[PDB]
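Per chain, numbering begins at 1; letters A, B, ... match sequence-line order.
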Amino acid sequence: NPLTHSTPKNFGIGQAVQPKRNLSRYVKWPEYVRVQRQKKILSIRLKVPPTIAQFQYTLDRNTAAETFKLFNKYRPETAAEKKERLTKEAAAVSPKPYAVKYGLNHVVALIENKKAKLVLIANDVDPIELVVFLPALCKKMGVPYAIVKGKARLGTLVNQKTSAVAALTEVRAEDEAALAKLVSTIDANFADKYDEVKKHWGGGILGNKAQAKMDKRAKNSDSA
Amino acid sequence: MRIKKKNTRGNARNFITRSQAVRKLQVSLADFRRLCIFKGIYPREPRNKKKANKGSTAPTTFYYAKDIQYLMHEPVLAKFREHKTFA
Amino acid sequence: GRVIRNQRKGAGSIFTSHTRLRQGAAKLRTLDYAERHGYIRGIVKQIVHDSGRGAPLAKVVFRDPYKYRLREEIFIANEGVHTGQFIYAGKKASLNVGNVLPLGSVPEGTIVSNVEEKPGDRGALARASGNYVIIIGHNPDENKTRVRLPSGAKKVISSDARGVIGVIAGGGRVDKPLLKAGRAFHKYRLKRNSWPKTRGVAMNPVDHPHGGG
Amino acid sequence: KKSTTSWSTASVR
Amino acid sequence: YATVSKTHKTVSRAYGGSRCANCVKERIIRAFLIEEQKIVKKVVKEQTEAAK
RNA sequence: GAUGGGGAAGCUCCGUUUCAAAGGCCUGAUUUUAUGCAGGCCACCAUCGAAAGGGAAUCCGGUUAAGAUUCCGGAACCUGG
RNA sequence: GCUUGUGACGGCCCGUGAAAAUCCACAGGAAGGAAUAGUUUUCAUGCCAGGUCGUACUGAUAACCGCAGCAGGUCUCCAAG
RNA sequence: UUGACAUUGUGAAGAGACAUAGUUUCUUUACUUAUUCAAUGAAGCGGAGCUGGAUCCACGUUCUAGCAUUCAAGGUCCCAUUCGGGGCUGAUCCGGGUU
Ligand SMILES: [Mg+2]
Ligand SMILES: [Mg+2]
Ligand SMILES: [Mg+2]
Ligand SMILES: [Mg+2]
Ligand SMILES: [Mg+2]
Ligand SMILES: [Mg+2]
Ligand SMILES: [Mg+2]
Ligand SMILES: [Mg+2]
Ligand SMILES: [Mg+2]
């Protein structure tokens, strides 16, 4: 095509106007976005005491999937089907219910009475003091527990938006073996595997540029 | 009376482009097209395209501003919003 | 006691600067990528008088590196700079009168003007007419530059700090006698209300500490 | 006919 | 100037109105000569790189 | 001289674009997931402050007890559509 | 000749002697536009409209201020032999 | 103007006490996350390229009062060619720091 020619643009300094580029790194974000990002960065940068840093160790993907598979079979009664049962109770005048136990006070009381077969504790609870004592309480009472990612996931378990805790107290005879196997799996995967590393402090992580400076200084010290 | 500004009266107020109509209705383009089909709103040709579109000769779809203002009161628009909330 | 003028001047009031006829604040360009890494060429469009300032000013037009338009800067004119001259600003600019360069990019004995105290503050030192700064030396390890100021002081500045090659034009202004209270009047009319001055001795004991006798 | 509210329709095509 | 035709406000040339004839002539000469010198500089730089 | 903010026990004070998610416009059969808005562009701060500064465009003749470049007659001009 | 407006100049400054609204022009070319038919409302003519408030009179040895119809004070234009 | 206490955090080295396993003080030297100053159009920062040429540089800009703007022309791969439309590149990659 003789009518089309190649006319390259010089994007150097003092040359043609710079093209549009991705300036996402330099965006002046809204104050709330900046606050949440810098808050997470500060949580990473500061040294974290062990009783808070223990919540960064959670179940693996497969074990969490199996746990939620077991709990979804005991998801509690909704508002619509409670109406159905009460209509049946009105005419008859119901079997024993099996349901996931939830509510912070209720589950803490069940742990103190040694009735919870398994306790799930959400990791992203704010304020964290609401569950910061729960692993130690479960250990002292001998209650099997697991820290899981997602209070929203626990909320979907108990028909809520969020849920700081979930508890399996009584299970059916067609799921008792699954519950026992899950307890042993959690003991091997979360209790014994993370028993020592939860006694350490966390969050001694440098920023990107500070880490690069430290590495360059160490290299210049070791060789010239 | 002070001097009046140009591009405000006549063709410039009589006709509204499709982008401006969609923005005023605060709906999507597909919902706007379906509303116009249901209500029988049809594109129009001004006798002076430059006067209607600020001197630009670029091809644009034009509507009647009063037709779009009448389309603002159609309850099917509220039904569309209800369906979106349900979805 | 009664408040003296030395204390009355702090409130502002009738003591503010007379800024109606000023051309604008005389500053260097904002230190950007072009001046940090390469250079940028601007053109001297005119050389103008600034009311209340001895030194003349130069209007220098650059091209915006990120948008199609022109950018206007107000420099203090160094002696020998003329209209239509090409000014070069950046780390890679040549050693010529009127060019803006970092203090680390110039050799020892270089005469500069409109020198930054900190890099990017757009000119702080040697701005009055006939004044200049001498590059005494360099400390590359700390990236510092030793300079001599018009008052004879020796200062240590960051080498990233910039300056204009040459000496501020309009020198020799103070060599001419005013001869006249009227010429002093017209001088301070464009600056501020600090003229005429009444001696504190001529004042009353309430008026001034030097008053009375 | 007359509007009692700020937002009215009144149905004139 | 809004009340008159375009003939009263222009002359029939590039930059008619805004710039006068001698300034237009000077910028035409300058554009042509500088573009030719740019071609010369590019050829010289490429030859110097090849011979280096 | 408000707002965003920040002081002050407080009536209120600072400051005037900052320290703010401060608002407009273009294209779309967005390769269709089947009734849910996608892709882009440009960016700066209210309001008040002059009947001597800036500023669209009108003249002559006649007329009243008292009006007059305003009314009457004739002749123009500007702005917007 | 007087007054006044304007032009081209000359002198003076360590004094070099407002801003904004608004209007026009250029550069550029997203585009649109004809053959038995288009284009151009920066050429002429033709059509329609222009709201609110002020408008009398004195402006001073009697209409303002000085307790007054007070020899005081109070900004400016035109100006004949 | 001077001193103390609080705001106030993290390491390494040299010195201490349980009578030669790590529980806390004194100095020395670093660090950044608090706090502080300044600027911007929060535009090009930091690090690395089997990137290139010779540890250093971009070899993309220095006779001249010109010009530089419409997802960038071009290269290449598709479409179903139709007035054109997509992707990679042109314009290296990575970052949990606007400078
Ligand atoms: Mg005396
Ligand atoms: Mg105030
Ligand atoms: Mg006003
Ligand atoms: Mg006036
Ligand atoms: Mg009269
Ligand atoms: Mg009349
Ligand atoms: Mg009158
Ligand atoms: Mg009186
Ligand atoms: Mg009185």
Discussion item. I'd like to know if A/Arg25 reaches the base of H/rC45 with its side chain such that a donor and an acceptor end up less than 3.5 angstrom apart.
Written reply: yes
Worksheet item: Does B/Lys50 have a side-chain nitrogen or oxygen under 4.0 Å from the phosphate oxygens OP1 or OP2 of G/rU40?
Response: yes
Worksheet item: G/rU42 phosphate, OP1 or OP2: any side-chain N/O from E/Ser5 under 4.0 angstrom?
Response: no
Worksheet item: Quick one: the side chain of A/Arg21 and the base of H/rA43, do they pair up donor-acceptor inside 3.5 Å?
Response: yes
Worksheet item: Can you find an N or O donor on one side and an acceptor on the other, under 3.5 Å apart, linking the side chain of B/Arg9 with the base of F/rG80?
Response: no
Worksheet item: Quick one: is H/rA58 close enough that its OP1 or OP2 comes under 4.0 Å of any side-chain N or O from C/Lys92?
Response: yes
Fill in: Distance-only donor-acceptor test, C/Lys187 side-chain atoms vs G/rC14 base atoms, 3.5 Å
yes
Worksheet item: Roughly how many Å is it from CG in C/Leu70 to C1' in H/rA68, rounded to a whole number?
Response: 10 Å
Worksheet item: How would you label the contact of A/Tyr26 with the nucleic acid (heavy atoms, under 4.0 Å): base, sugar-phosphate, or nothing?
Response: base
Item to complete: Give a yes or no on whether G/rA49 and G/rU4 pair, Watson-Crick or G-U wobble, both distances under 3.5 Å.
Response: no
Practice prompt. Measure distances between side-chain N and O atoms of C/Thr30 and base N and O atoms of H/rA39, and say whether any donor-acceptor pair falls under 3.5 Å.
Written response: no
Discussion item. Taking donor-acceptor contacts at under 3.5 Å, does the side chain of E/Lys38 reach the base of H/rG66?
Written reply: yes
Worksheet item: Do A/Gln211 side-chain and H/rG47 base share a donor-acceptor contact under 3.5 Å?
Response: no
Worksheet item: Hey, is the side chain of C/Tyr68 pairing donor to acceptor with the base of G/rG28 inside 3.5 Å?
Response: no
Worksheet entry | Polar contact flag, side-chain donor to acceptor under 3.5 angstrom, A/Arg21-A/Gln18 | yes
Discussion item. Tell me if the side-chain of A/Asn208 makes a donor-acceptor pair with the base of H/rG47, cut-off 3.5 Å, by modelled atom types.
Written reply: no
Worksheet item: Whom does H/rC31 pair with, Watson-Crick or G-U wobble, provided both distances fall under 3.5 Å?
Response: H/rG9
Discussion item. Check for me: is C/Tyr39 stacked on H/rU61 by the 5.5 Å centroid and 30° plane-angle rule?
Written reply: yes
Worksheet entry | Sugar-phosphate, base or nothing in reach of A/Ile44, heavy atoms under 4.0 Å | nothing
Worksheet item: Taking any strand in view, what nucleotide pairs with F/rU33 in a Watson-Crick or G-U wobble way, both distances under 3.5 Å?
Response: none
Worksheet item: Are any non-hydrogen side-chain atoms of B/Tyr63 and B/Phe15 less than 4.5 angstrom apart?
Response: no
Item to complete: Starting at atom NZ of A/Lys213, determine the distance to atom P of H/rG47, rounded to an integer number of angstrom.
Response: 10 Å
Worksheet item: E/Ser18 near the nucleic acid: base, sugar-phosphate alone, or nothing, with a heavy-atom cut-off under 4.0 Å?
Response: sugar-phosphate
Worksheet item: Below 3.5 Å, does any donor atom in the side chain of B/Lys51 face an acceptor in the base of G/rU41, or the other way round?
Response: no
Item to complete: Select from E/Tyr15 and C/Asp50 the residue whose nearest nucleotide in RNA chain G is closer to the 5' end of that strand.
Response: C/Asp50
Worksheet item: For the salt bridge (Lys or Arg N to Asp or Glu O under 4.0 Å) test, which of C/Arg162, C/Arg122, C/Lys92 pairs with C/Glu35?
Response: C/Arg162
Worksheet item: Now, which nucleotide makes the Watson-Crick or G-U wobble pair with H/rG66, with each of the two distances under 3.5 Å?
Response: none
